[PDB]
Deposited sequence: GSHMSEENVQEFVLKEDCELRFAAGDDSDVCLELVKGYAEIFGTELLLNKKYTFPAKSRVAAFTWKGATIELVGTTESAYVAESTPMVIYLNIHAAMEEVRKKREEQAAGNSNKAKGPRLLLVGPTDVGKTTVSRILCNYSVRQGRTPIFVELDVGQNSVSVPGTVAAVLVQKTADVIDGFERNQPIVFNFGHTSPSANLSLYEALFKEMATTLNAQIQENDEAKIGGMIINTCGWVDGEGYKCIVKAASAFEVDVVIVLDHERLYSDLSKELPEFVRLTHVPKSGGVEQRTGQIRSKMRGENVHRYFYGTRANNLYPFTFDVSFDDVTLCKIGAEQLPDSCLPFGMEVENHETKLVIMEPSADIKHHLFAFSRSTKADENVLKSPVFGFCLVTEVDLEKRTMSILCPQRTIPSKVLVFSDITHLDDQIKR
């Protein structure tokens, strides 16, 4: 009902947050603009829900209308968008170079830095810019806490063939997903490292069978754990994925240490975080983990998913738990509200540890006498009889 109009000069961005209680609708009415790398269509009404934090940027200039109550809304004039564009340009240069030398292996890029420096946002911008160049990069998500590919407690990778949806983010077209089972790597650091090594190995063999994926390269998002044992995760991730480029966002000490340790062929670039990045408390982060899990089963406002609830006999499945090796679980009251991954491993053995998963279900009830559990499931029947425990819980 309330309306706000904004004139954006070239290289400026409108930053706003929808109110606690209401939606905010955004409309580009003149010029060109993009939201984290996805182009906006002239005069299309993009409805953002409450709490949404959004930045619309323009290279040449724009006029933009907001309809609805906003908590905040302003035009910033000095972003690092050019920096983030030049990273894409230099990445596409390496591709051409290696195409002209040739199948060409695309460049691989690791984004690092502490919490709330914009690693996820920059990874999104770079993926989008690659797609708009006509490339299909692989997006690799190592953040088991704040995960934009699958549920929390996963390490995942997806081939990006379309720009992110402005409101909903990227389409998850058949991701490779590994069940780590915890919201931080420190819960079991050696399993975490084993998982991204198996991810790296799987991706290298798969890109051999798909040339477009191969030359698309990789954009690898890490978590904000940069201190202590988080630092060694970074070095081992760089090594395991054989990255060509490390982008450090807003941590000059991390930059300095990485400069001294990484192999000489690795190009390291320090860039600042955007002034629009917002700090998020642990309470907000937990809420976002819950909404991620919710979305996995139910989808979005734009694209609803319709999950099934049904009963499963304990005589038809084997529950197991990593942690470090495999252990067979007895159906218990304490599995209630937990996610379980459907393992691609047919037996509950050593294969389970480094096997990707089909997907997840949520245990909603446990009937011990009847020896049944109620599960929420994206499909009608279980895709596997080997269900692997995750410590991620969700009340629905």
Discussion item. As a test: can you identify every run of the deposited sequence that has no C-alpha position in this structure, in order?
Written reply: 1 to 6, 109 to 113, 335 to 353, 427 to 431
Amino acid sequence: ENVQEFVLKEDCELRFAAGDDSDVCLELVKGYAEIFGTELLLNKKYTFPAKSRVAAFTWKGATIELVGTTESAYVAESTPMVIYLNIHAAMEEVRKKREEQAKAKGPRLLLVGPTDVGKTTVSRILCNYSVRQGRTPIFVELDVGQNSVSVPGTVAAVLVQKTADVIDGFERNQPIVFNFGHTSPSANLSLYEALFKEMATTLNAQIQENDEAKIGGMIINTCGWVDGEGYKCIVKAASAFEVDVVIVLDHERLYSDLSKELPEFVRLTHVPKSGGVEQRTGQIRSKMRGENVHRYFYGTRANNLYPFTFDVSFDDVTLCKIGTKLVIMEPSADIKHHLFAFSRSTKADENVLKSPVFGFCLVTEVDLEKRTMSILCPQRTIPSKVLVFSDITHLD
From here on, numbers count along this sequence of modelled residues.
Worksheet item: In the PDB record, does 81 to 89 or 193 to 201 carry the higher mean Cα temperature factor?
Response: 193 to 201
Worksheet item: Per the entry, where is the mean C-alpha temperature factor higher: 304 to 312 or 269 to 277?
Response: 304 to 312
Item to complete: Report the option among 30, 60, 338, 371 whose CA atom has the maximum B-factor in the deposited record.
Response: 371
Discussion item. Looking at 102, 246, 131, 235, which one carries the largest C-alpha B-factor according to the PDB entry?
Written reply: 102
Worksheet item: Taking the C-alpha B-factors as the PDB entry records them, is residue 211 in the lowest, middle or highest third of its chain?
Response: highest
Item to complete: Determine, from the deposited record, the chain-internal third of the Cα B-factor for residue 38: lowest, middle or highest.
Response: lowest
Worksheet entry | Modelled-residue ranking by C-alpha temperature factor, third containing residue 159 | lowest
Item to complete: Sort the modelled residues of this chain by their C-alpha B factor and say whether residue 23 lands in the lowest, middle or highest third.
Response: highest
Item to complete: Looking at the entry's B-factor column for C-alpha atoms only, identify whether residue 218 ranks in the lowest, middle or highest third of its chain.
Response: lowest
